[PDB]
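What follows is a single chain, given as structure tokens, in the form deposited in one PDB entry.
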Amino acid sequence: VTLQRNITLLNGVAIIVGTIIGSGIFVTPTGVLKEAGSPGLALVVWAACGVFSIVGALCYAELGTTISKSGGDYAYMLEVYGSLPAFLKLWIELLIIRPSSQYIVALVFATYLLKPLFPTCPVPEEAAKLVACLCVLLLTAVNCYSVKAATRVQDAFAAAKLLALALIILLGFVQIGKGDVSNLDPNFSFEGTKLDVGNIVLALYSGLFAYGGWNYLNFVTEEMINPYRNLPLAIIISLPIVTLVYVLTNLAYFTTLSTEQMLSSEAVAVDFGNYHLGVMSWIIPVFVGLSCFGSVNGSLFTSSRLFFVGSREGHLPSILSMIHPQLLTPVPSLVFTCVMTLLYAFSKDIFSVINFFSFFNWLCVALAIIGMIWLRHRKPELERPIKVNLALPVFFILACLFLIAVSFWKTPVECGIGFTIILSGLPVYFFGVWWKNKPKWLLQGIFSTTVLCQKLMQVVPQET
């Protein structure tokens, strides 16, 4: 009774495309304009974040072919640095990182779905919260039913994302096709290029939100068919597509609108559709709403498989990683990753949890690649189907150190608050994993609630 591999090459391309292309190409093409000023340097920022994500994805592709276990960026830290750093990453990825991301994308789905009922006004907050909590509860029940249904949802909505962005691109091409230039001039595109770079870094920090999720196929290996071919082939097909679509979307945003109406807009795609369609412009909010529907599916699919593997190493309770037989789906882990996401519907302002843990989110990717280089000069004989040309990891390590160095010298305010979360996660580690010689007051109670949930969900343990 195992997890019964189903993921093809095209399903992986769908997972990466559908998880990456979510809200950030619709709710962010401004922040880079308000901290970059000129429309040329914003395109420079988007292209730079694209190259950064591509080189990091190639390093993770050769990592995932080297080690080849699920729970990527966690299994690698487990094979390199031991038990305690792997638990600390797993702990704050179970507490904060995944249930905030899924809730934020579900909320953006609900807001841009209810936008055509409230055209120039605000959507009521307990009506959008209660639809965000329906999206997660429906996708966690679709994922608990079958795996191939959950992969059919993902590539249907990945096709919908591309057909919704291609319409915006071809609407921009016929706007440049009628010979008028509000922006994108040859010599008039750099007026207000904010220099100093001091304000720029903040920018590079804003354009990387739309590229996040490129390392999510590494969580769901051991479920691909022929992974040594189909993991890097699904990465290098998916990710250069995104960095091209992300610049052909922003420059088409720049042909129609000007810099004074973009900076005075809270929904750039809605203001694009209002000018280029008029009536029958309601399809743009519902198509940027369905864009955020396929990004919660692809991130609930991998978050369950992360806590699956976190329990096989003894870092979690063993009720997780118990497969339901004849459905062959991790039900008690999907219930957990749904309940943790629905717990963030009590937060009023959780958009500022991004600055709290942006330093550790890149410190893990730095630490994984330092250990990747360290493993090559320590165990220099494994089956390596794809080896990377070096000094791209050397570039990426110091680039992630440059991205973490602006968290301590520019805005060091909340990083000390964020560090206390990890050091409060440490005694949880000691109590849960390290404290053996356990008394029978607690161990039999643990066995009793585990067999209770086991009889309730009808799940059996794994077994090669």
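In this text, the rigid core denotes the largest set of C-alpha atoms whose superposition between the two forms falls within 1.5 Å. Position 1 is the first residue in the sequence shown; the rest follow in order.
Just so it is clear, the following notes concern the form deposited in another entry, a form of the same protein that is not shown.
When the two forms are superposed on their rigid core between this form and the one not shown, the C-alpha shift of 2 Å or more among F402, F408, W435, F395 belongs solely to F408. If you fit the rigid core between this form and the one not shown, you'll see the Cα of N187 move by 2 angstroms or more.
Relative to the displayed conformation, the Cα-Cα distance from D271 to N187 shrinks by 3 Å or more in the other entry.
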